[PDB]
RNA sequence: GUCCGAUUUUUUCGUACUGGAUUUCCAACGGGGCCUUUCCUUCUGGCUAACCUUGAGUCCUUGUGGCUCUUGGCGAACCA
Ligand SMILES: [Mg+2]
Ligand SMILES: [Mg+2]
Ligand SMILES: [Zn+2]
């Protein structure tokens, strides 16, 4: 079930049994890879890239048809962001709520939620520490965080 | 969260014989499940079974046939000094004449009749009767 | 030089050279059926009895190639199953299997998953049918004690292997020790 | 019930179960080839598109995202592959 | 249950359900036994000769008793096109 | 074959002990080996290919070094 709520929802993407395919694609990896980096230079995150590739350019998912997961492509092209997209959107949120928490100090439901988000961040970050994608310390700090988004 | 798998397996199998069901889906599939299932089959407590390839961890369909009383798992997988294989058999098997506790020796997964004979031992896995 | 034995990659043998000249024969169709056929070479070939009055020829491809033999295949096998009648022809990339790391059978610098018994035997079965993808798969564990794998073949373009299915099994069996069975939609 | 081929459930019952809960899980969405009647271009969209997909140019509109299947614009062609 | 010298001990070997192969207890007074008549050349049910079944208390109490018979019928060929393996 | 109470109760009618080897006359069971892409990793020993090399020779529709003897270097592989 959920991590920070009583939810037991299963709304998940079911991936099709087809490490290759589709018989109607026919565009060659090199031309789709050319397309991933084209959007990555224009400032786009892997998630919302595959969103657009799946919707407009046919490509079912880039892990097949290119044999490589979208972020690794950016990596290899030297377009990997500083902190993982995972965290950024966490940190961003926490940064937001914290601002709203200041003009509104009686918002006890906001304060509570803030704790939640920053718990996710740290638990996340503690992992990215463990697999060498964040330098051994790093740490999410309340004060400096607003600098990591903008 | 999902923690034993072999347990959720044996549970399902047991809970089916209990309701007179002649077949159960199993999920997810583990090697340790399969080796276990083999050990049961070779004494006839289950029938044939069939793995399924979801591009993931597996499924299994097992044919039951009555005559299974209880397949169970012992968790945690205790270390059994070979001289103590007696003591588990005396604890959780119905009669001296029959039944099987099955383990996990470095010589492979097997029943205790067999570990007895190869004179090996190790960590208990569970039981069948 | 010579268009004969160079299209091989070993000093022997009979059957291979026979195919090799059966290769250059088809290489005499320069515009395409040559430009796309000169880079394509192979390693060696095995013979194996099938259940019918025919036999099976296993042509082993280096691997980084393979994708090349795949751009033809339809043509090649067909033209190969013309010249060598009473034969079933299939291309199987020779893949190196590395043993499972042990305190005994140890090797440093890991061991890619694609260099393993399971992944390789799983590749062979995919190569065996080449066109038409594999839709599903089962492994019947039998009441008596042994397993049988049920490969589930597509609906599309099946016509290229309907007749060789009885032959594929024999190939797989001498290659591995396991045993194959086929099926389609139900 | 009591005895039943689980390996071979009926295609009509199998298409009734939930996306994930079919014998081997699989997707239910599809893709389209879509064009607007004044242009020979052949834009290829996804059924549950979350993007307001345009044609090759001509600042038009093909589909609009929703809570499930996207709504293709007004007058347009589509074949499902 | 045999004995020392292969001699048959144990005073009664119970029936077993035809649909779950589970023992029919001595007091399973829901347990049933249906004798089905076998025929000859057109009609004329041969007397004293049956195709016979046995269902457990449990199965019958579950309401699975009927459906078990249909699968058990066709199997010994008593029905055609009734019971379906797939559902 | 012989030690031993010999059982239903009639005669040449039927019970704890030992020996049994190699069998195709079946079975089960364990021990040690190999082959199948698999003894790898390290080290020492073995025999040595190929490789270079000194020196004396020979072939060629081409210096193409082919090929053979020979001087001392280097120890793939394979075996232990
Ligand atoms: Mg859940
Ligand atoms: Mg929690
Ligand atoms: Zn358009």
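Residue numbering: from 1, along the chain as shown.
Even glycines carry a Cβ here, placed using N, Cα and C.
Residue environment of residue A:31 (phosphoserine) contains 12 other Cβ atoms, counted within 10 Å of its Cβ in all protein chains. Secondary structure at residue A:31 (phosphoserine), taken from DSSP and collapsed to helix, strand or coil, is helix. The annotation phosphoserine is assigned in Swiss-Prot to A:31.
For residue A:38 (ubiquitin cross-link), no same-chain residue lying six or more positions away in sequence has a CB closer than 8 A to its CB. Sequence annotations record features per position, and here Swiss-Prot assigns ubiquitin cross-link to A:38 (among others) based on a large-scale study or a structure entry.
For the recorded site, residue A:42 (ubiquitin cross-link), the DSSP three-state label reads coil. Long-range Cβ proximity for residue A:42 (ubiquitin cross-link), meaning a same-chain Cβ under 8 A and a gap of 6 or more residues, is found for none. The ubiquitin cross-link annotation in Swiss-Prot covers A:42 (among others).
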Do the recorded positions A:31, A:38, A:42 include any whose Cβ comes within less than 8 Å of a Cβ in chain C, and which?
none
Kindly point out which of the recorded positions A:31, A:38, A:42 have a C-beta less than 6 Å from some atom of ligand 1.
none
